[PDB]
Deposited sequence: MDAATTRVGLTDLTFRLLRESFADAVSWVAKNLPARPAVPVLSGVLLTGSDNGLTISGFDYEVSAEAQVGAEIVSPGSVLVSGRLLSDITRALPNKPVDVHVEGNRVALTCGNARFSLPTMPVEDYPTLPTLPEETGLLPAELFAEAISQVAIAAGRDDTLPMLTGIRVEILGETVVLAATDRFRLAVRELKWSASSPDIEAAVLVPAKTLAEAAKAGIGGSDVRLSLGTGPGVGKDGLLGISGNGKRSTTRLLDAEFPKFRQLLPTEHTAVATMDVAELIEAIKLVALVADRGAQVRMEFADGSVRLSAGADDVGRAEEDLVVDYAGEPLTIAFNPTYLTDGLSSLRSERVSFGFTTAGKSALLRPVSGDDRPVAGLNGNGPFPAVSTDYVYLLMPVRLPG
């Protein structure tokens, strides 16, 4: 094994950025005390920074000069705090017994370690199920994640369902108040792959947001979901909960449809809803060529603003949650929006946008944000 323990040299910002990412979600005082720590391992290929909680894994590879092979387990949060605050110079790390000597410029640290024999072996990644550009994975997750439930006291809403059939990937999440679904195409190895899993929203959202550099993001299914690429790699334990069968909820037709400018509507909602009781609801009176947004009671004040809008169908008065509604409009990432309506008590179907008097079909899109209204 050898007398000289792990000894290496690397840039600090390269060191710091990799440790900050792996260390971010580590537990502060876990029942198993090693998980609090971060494990460094040098080899010919460079230095690897590892993190684990028995549920979620993080592993970052950085180029480094390895003077001697070895591994060491040191406190996670502190070491990301150290290298973030060190001067911009090379970092020398030398493991001395149960301690680690870290020197950068004129700064020197000796930090205690934990037994490297007590660190769990990280899960191995399943075989690669396919890969997609990091920019698309970032956008796809951002759209659907906003609709997942934010409260673990009802977990079944806290996940993002990932359905993979061949080259088509479908992502869905819902809190029972709103459903977001985006379809995309990716490069799958191999064709005829079909699997569906449900992943905790917040972590899968973090892996996507942290992945805009972007290189190419690889997803591995085998249960756990690996997300690899751009020198970083992570496995996430799936969720047991049953996701609703969600395509029965999407309407095929609408009694009325309306297309608007989203930036203009988002600003209107935010200002009108200032007097809305509890941010509960905003009213929208759809007539032809106009929508009148209104909220509030004699309680606080009342507000109303009229917007221009291409409308088809008979006039409809419907009220939505202003927060849920602006969440959807922000998810389209398009200049305009298309509202599928039926009744004031049924779901409204929002769609990104760049007939006669009869029932209007729902036009196919890659993204859909379906929102439930409020009483009146």
Residues of the deposited chain that carry no C-alpha coordinates are 1-7, 230-237, 370-378, 401-402
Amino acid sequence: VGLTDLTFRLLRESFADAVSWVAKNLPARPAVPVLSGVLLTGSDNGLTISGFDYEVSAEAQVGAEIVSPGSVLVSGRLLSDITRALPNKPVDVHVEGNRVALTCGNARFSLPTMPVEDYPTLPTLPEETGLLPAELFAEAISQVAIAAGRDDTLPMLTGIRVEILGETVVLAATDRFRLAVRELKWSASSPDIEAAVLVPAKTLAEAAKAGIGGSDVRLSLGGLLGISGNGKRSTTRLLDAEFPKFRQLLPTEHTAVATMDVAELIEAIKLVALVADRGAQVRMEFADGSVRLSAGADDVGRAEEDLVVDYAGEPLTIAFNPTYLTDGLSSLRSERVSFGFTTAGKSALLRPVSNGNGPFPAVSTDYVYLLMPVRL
From here on, numbers count along this sequence of modelled residues.
Comparing mean C-alpha B factor in the record for 339-347 and 34-42, the higher one is 339-347
Compare the mean C-alpha B-factor of 110-118 with that of 246-254 as given in the PDB entry, and name the stretch with the higher value. 246-254
Which of these has the highest Cα B-factor in the record: 10, 22, 368, 362? 362
For the listed residues 193, 160, 225, 282, which one has the largest C-alpha B-factor as given in the deposited model? 193
By the record's CA B-factor, is residue 77 among the lowest, middle or highest third of residues in the chain? lowest
Compare the C-alpha B factor of residue 91 with those of the other modelled residues in its chain, then answer lowest, middle or highest third. lowest
For residue 152, the third of its chain by CA B-factor is the highest
Please rank the C-alpha B-factors of the chain's modelled residues and tell me whether residue 60 sits in the lowest, middle or highest third. middle
What third of its chain, lowest, middle or highest, does the C-alpha temperature factor of residue 99 fall into? lowest
